[PDB]
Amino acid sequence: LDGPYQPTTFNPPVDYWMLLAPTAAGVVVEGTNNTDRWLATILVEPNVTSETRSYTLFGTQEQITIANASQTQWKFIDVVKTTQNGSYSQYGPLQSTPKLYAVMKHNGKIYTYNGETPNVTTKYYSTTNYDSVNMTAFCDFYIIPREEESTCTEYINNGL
């Protein structure tokens, strides 16, 4: 567990999980290869009926319709597009009590956590030039090698 690091944009090594510890609802992390993949993770508060919100994604204001069916858990949503002018689509989510998320560049993809704490799993998004994707963290974060993924999973499920 290397960190906490303050918000910044950098090029994380492949096969490391970037464990994010946001404190507020909103954009958590975003990264793109500038060609066929844009991913931004948004943290939505517990208990939200369908509504459109404005988020700044990659420097520009975007309207996204979100919801969170859970009465008590947070919802992390990956908002992605596959071309520069394409529409954002939602995948995931991760329903969470600890408020932690993580993202990793691995084997031609970007992986993120998914499901419902305390029994999370991971999902992925194929991404060309996956190894050079820079990630912008909007909150404090830690770095954990993939070899220690069981430790990252325990933090996502139960907190630091």
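One rule holds for the numbers: they count along the sequence shown, beginning at 1.
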Notebook entry, point to check: Given the B-factors recorded for C-alpha atoms, which segment has the greater mean, 128-136 or 111-119?
Noted result: 128-136
Check: Do the C-alpha atoms of 58-66 or of 29-37 have the higher average B factor in the entry?
Finding: 58-66
Check: Which third, lowest, middle or highest, does the CA B-factor of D15 fall in along this chain?
Finding: lowest
Next item on the list: Pull the Cα B-factor of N47 out of the PDB entry and bin it into the chain's lowest, middle or highest third.
Entry: middle
Check: Which third, lowest, middle or highest, does the CA B-factor of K105 fall in along this chain?
Finding: lowest
